[PDB]
C-alpha cells in the first residue's frame, strides 16, 4: 500500500497539477500503422491508463520527422493525419482526468537502414561509425551506409525538433514535450565519446558534445516555453555502443555539465518541466545539480525496488517515480499501487508485437482475467485514428 507516501501526494509540474507522482514512462510498443499513424488500439491503451489516475503519462518515443526514424509501425507527429490522431489521444487522456507528455525520438545510427532507404532517406550519425558489426553489415547490404551529419543536416534537425514540439504542444495539446537524449540514440550519440569523433564545434569536448542537445533545448524552449519541455538522460547506459562509465571522459563530467547547464537555464528563468533519469553507480550526484522536478525510472516495482521507491519518492518534494514494464500489463496500476493490490506480471515477449492487440489490450483490470491470444480484441486489426 503506497497511498501513505509521496507517490500519491499531488505535485505541480510545469503549469499543471498532477494528482500523484506515479508516471508512465515512454514505452515503445509499435502499434501504429505502417504510415506511422496512431491507432484506436493506442487510444484505448492510453485511455485505460489515464482513467482513475490524475497523474502524468508519457507517450512512446515519437519520431519528429521522417528523418528522425525509422522503425516499422513507429509513431510520428509530422503529417496532418498523425497530428490529428495524437490530438484525439490527448483529448481522451485529458477527458479521463490525467495529463500526458510526448517524448520526441531521433534514431541516428540506431535506425533501420533498409526502411530509411525505402523512404528515400540517408542513415545519419554524428560520426560515420556503427554501434555493432551486425548493424554495419545491415547498412552495407541495404545500400544505405552511415554518414556523418553535415552542418545543414544538423540545422535541419534543430528545425525539425522545433516543428515537432510545436505540433505536439500547440496542435495536439500535449502538456509537455520530452527530448529523448538517452539510450544511444542520436542526441546521446552526440554526447558519447564512443560515437562522436567530430572535430567541429559539435564534438571534441564536453561543451561541444553537449552542444546539439542544448541548442535543441533552447530552440524548443523559445518555441513552447520551458514549463512544456523535458529531457531524458542515461549517463550509465551502454546500450547501442554508448560508453557509460567506460567512456574516455567519465559520464559524471559530461552529463554533470549537461545538468549544470539545464540548472543554469533554470536560474535564468527557464526551468524545464522535469528531467527524466534512469536508475542504474548512483544517481545522487545528478540530484545534487538539478534542483527541479526529477523523474526517476527503473526497477522500482521489483521484489527489491520497493522501499527504494518509498525512500526516493519521500526523500524530497520534487521526485516522480516512473514504472514502465508493469504499466504495460497493469492498465489500472495507479489504483493497485494505491491500495496495495497484487500486480499482473508483464510479458516481454509481446512488448514489440508489431500492430497487434495481443499482449497490448488483452490485459484485464485487477481481479479480471487476461484475454487469450485468440480472443476478439487480440485478433482485431488496429485502425488509424485519422
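Positions refer to the first chain, counted from 1.
Trainee: Does the deposited sequence hold unmodelled residues between residue 280 and residue 281, and if so, how many: none, 1 to 3, 4 to 9, or 10 or more?
Mentor: Unmodelled stretch: 10 or more residues.
Trainee: What stretch has the higher average Cα B-factor here, 247-255 or 294-302?
Mentor: Comparing 247-255 with 294-302, the higher mean C-alpha B-factor belongs to 294-302.
Trainee: Tell me which of 174-182 and 303-311 has the higher mean C-alpha B-factor in the deposited entry.
Mentor: Comparing averages over the C-alpha atoms only gives 303-311.
Trainee: Determine which member of 340, 322, 359, 64 has the highest CA B-factor, using the values in the deposited entry.
Mentor: That would be 340.
Trainee: According to the Cα B-factor stored in this entry, which of the following is highest: 330, 53, 59, 32?
Mentor: Among 330, 53, 59, 32, the highest C-alpha B-factor in the entry belongs to 53.
Trainee: Could you say whether, by C-alpha temperature factor, residue 269 belongs to the lowest, middle or highest third of its chain?
Mentor: Answer is highest: the recorded C-alpha B-factor places it there.
Trainee: So where's residue 367 on the chain's Cα temperature factor ranking, which third?
Mentor: As the PDB entry reports it, the C-alpha B-factor of residue 367 lands in the middle third of its chain.
Trainee: Taking only the Cα B-factors deposited for this chain, tell me whether residue 318 sits in the lowest, middle or highest third.
Mentor: Within its chain, residue 318 is a lowest-third residue by C-alpha B-factor, going by the deposited values.
Trainee: Comparing against every modelled residue in the chain, figure out the third that the C-alpha B-factor of residue 232 lands in (lowest, middle or highest).
Mentor: Its C-alpha B-factor belongs to the lowest third of this chain's values.
Trainee: Using the B-factors in the PDB entry, rank residue 204's C-alpha atom against the chain and give the third, lowest, middle or highest.
Mentor: Its C-alpha B-factor belongs to the middle third of this chain's values.
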